[PDB]
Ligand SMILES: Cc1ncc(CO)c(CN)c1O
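To begin, one chain is listed below as structure tokens, in the form solved without this ligand.
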């Protein structure tokens, strides 16, 4: 019996935030309680979008309702994109209260702030969120899934190589989370320029005070398209697989990355078919084919091997 409290955005159509995360965890057997931080018609990749947002006060209201009914017991808390600092600070109060009641609670956090869109690096959020992520969110997180840019920002250090990447991940471990996964980087991969390189690290303190650190590298073949909600889907499946393989980051990452590959291959195939030959698929046509990937999400065939570093 595992219950997850997921606080993320919601869209009527498409897959992003809680939409990208709920279905996967449900088919994997987790009980998901979903707080929708906002409700829009579709993601911001489209030309238009309309919806409402929740302020930190409304969030607190929803939590008080769970608390008043004595059902505020969770095994996992999962958060992603957040645009306002009050909301984020409010989330930390919540995570801390819950951890006070369940020391075994695991907080999976995807510190969303930006990327380097093919050599294009800029922020998605107000510069005032970074201090909150740095000083208040990271310290209580158990698993974080930043991309290169977010790892550089959290540590204030820049990554130019695989070696510096590992140092940055160590600095992150020192900030709190025992598990760190850099989901994507600008790093050149040894298998080819067309491969995306991911890196993972899981720290473990031994009884005698010694520290064991499992580090792994992953190389996935790039799909020529820009997807949305990919980081959310990743964080959600990583939570499920790390649960099953608690002390094996290797297998957890392999199962997670394999599933991504299957979902995306099914998505790019359907998008090109729906947009005609020659024509480039539109954001509407590139929405993740979540529902049709059920079997692949439940039991993915492994198609990527993690290299132990």
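Residue numbers count along the first chain shown, from 1. Throughout, rigid core stands for the largest set of C-alpha atoms superposing within 1.5 Å between the two forms. Shifts are known only where both forms have a C-alpha.
Form deposited with this ligand bound: not shown, discussed below.
- Within 4.5 Å of this ligand in the deposited bound form, a heavy atom is found for none of 22, 27 and 241.
- Residue contact check for residue 228: one or more of its heavy atoms lie within 4.5 Å of this ligand in the deposited bound form.
- A residue is said to contact a partner when one of its heavy atoms sits within 4.5 Å of a partner heavy atom; residue 250 fails this definition for this ligand in the deposited bound form, lying far away.
- Residue contact check for residue 87: none of its heavy atoms lie within 4.5 Å of this ligand in the deposited bound form.
- For the chain shown alone, residue 40 is a contact residue for this ligand in the deposited bound form, at least one non-hydrogen atom being within 4.5 angstroms.
- Shown alone, this chain has one stretch from 201 to 209, 228 to 236, 166 to 174, 100 to 108 that lies within 4.5 Å of this ligand in the deposited bound form by heavy atoms: 228 to 236.
- In the deposited bound form, this ligand lies within 4.5 angstroms of at least one heavy atom of each of the following residues of 2 to 32: 9, 16, 17, in sequence order.
- Comparing the two forms between this form and the one not shown on the rigid core, the single residue of 163, 224, 120, 208 with a CA shift of 2 Å or greater is 120.
- The Cα-Cα distance between residue 118 and residue 16 is lengthened by 3 Å or more in the deposited bound form relative to the form shown here.
- The pair residue 118 and residue 264 is at least 3 angstroms farther apart at the CA level in the deposited bound form than in the present model.
- In a core-based superposition, a mobile segment is defined as at least three consecutive common residues whose CA atoms each shift by 2 Å or more; between this form and the one not shown, just one such segment exists, spanning 117 to 120.
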